């Protein structure tokens, strides 16, 4: 029987969720595609069902979204910001129940589910101010009697494909920014977090309807690769923001490139922490532990490589092991719990595949490496030593809590090992050395999109642009001038003079 029909989970009804939910919204709710059941990874119990989008559902939604864009693009940006402010408020009112659904359906611990909604709330309030700021410079033209202005305008329909592991915030970052930039949005979330997508869409849809705006401004078409592939090939999707694996993201980038679309890619990570000999080990150990095992190691910014200077390597590994053993495991909604399950059974199989591969490639499991004998998709957070920094399994992103630990001696080689992988998302050094810090930040430092000092690989806030380089895709979200990806630039020269161009010897009238 479904969890939503059990009294313990009656709070789901506060999100407007029922036994079977419509997975398409374009101003009206529907869903004529395949019905999907999503499961709680903490006990493998079914929660509720979502009717996904058919092709006809998708077609109607895209058409309705583009119609609504005619209205929405004419609303002054500060007024679009007001809507996004109200979206932030509607999220605040539901932050507890929504964060509980993230914990239930995705499986991260409750504070992180609530934290994910706080991120959406925060980006909305940031985007309110940005909505009075976006634009380009008025530049001095070299031409007398001419103006030169750089204009920014919405691209139109922004498709937003998101991953299971941040089922609210990632969409939130794209939605708040794309909306103030005058775009309509079409959301296709990960199938295994369909309820989260539906619940978020209901909160947003109420704000739009209360403001007598066409609901298709924030359209939703739940679906899998079928719908995702349509969006990547669809010329009507002016910007396709894809957050997901590098493997899938590469094909989406090619499909969008084929049709001269815009893509914003947020792909895989293989993030390293480097602890130098002068590092505060009382900061290194907890920073590494929490960055490696947080979210059961299923963050794009999870620390998956730990380089320790040889002088302190054994002590850090030993202190890390003694700390890992104190990780409190339980239901991700239960208090004091720090560690929940992997998102799917398949991830557990991939976890076990990686551990064996690390063993064959010469690595030693000094902690973990096994499934936990309990309901749900629980695996032990795992520490592997002795692999070469160039081991193939170390260069792969295994979206599971496995930390590969390496020795190093000198600064130049270990920056190179950080940069040698194909991923380019997050990175961190722990050190007190002022010259080393700025070398790390400089042209011979880390090649990642996020380059941190004395804070782990998940250190990131709304203020800055978030994203990676190389196989991480190159897109940026949230802060700085990331909004420019959601708009088109035009360089506009206006002749307001009476001057006529030189006749150049031709006799005009």
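Positions refer to the first chain, counted from 1.
- Of the two segments examined, 65 to 73 and 26 to 34, it is 26 to 34 that shows the higher average Cα temperature factor in the deposited entry.
- Comparing 38 to 46 with 448 to 456, the stretch with the higher mean C-alpha B-factor in the PDB entry is 38 to 46.
- Residue-level inspection of the entry shows that, of 265, 148, 218, 293, 293 has the top Cα B-factor.
- Residue set 327, 195, 181, 163: peak C-alpha B-factor at 327 (per PDB entry).
- In this PDB entry, the Cα temperature factor of residue 129 sits in the middle third of its chain's modelled residues.
- Residue 57: CA B factor in the lowest third of modelled residues in this chain (values from the PDB entry).
- Sorting the modelled residues of the chain by their CA temperature factor places residue 370 in the highest third.
- When the modelled residues of the chain are ordered by C-alpha B-factor, residue 487 sits in the lowest third.
- Among the modelled residues of its chain, residue 120 has a C-alpha B-factor that falls in the middle third, as given in the PDB entry.
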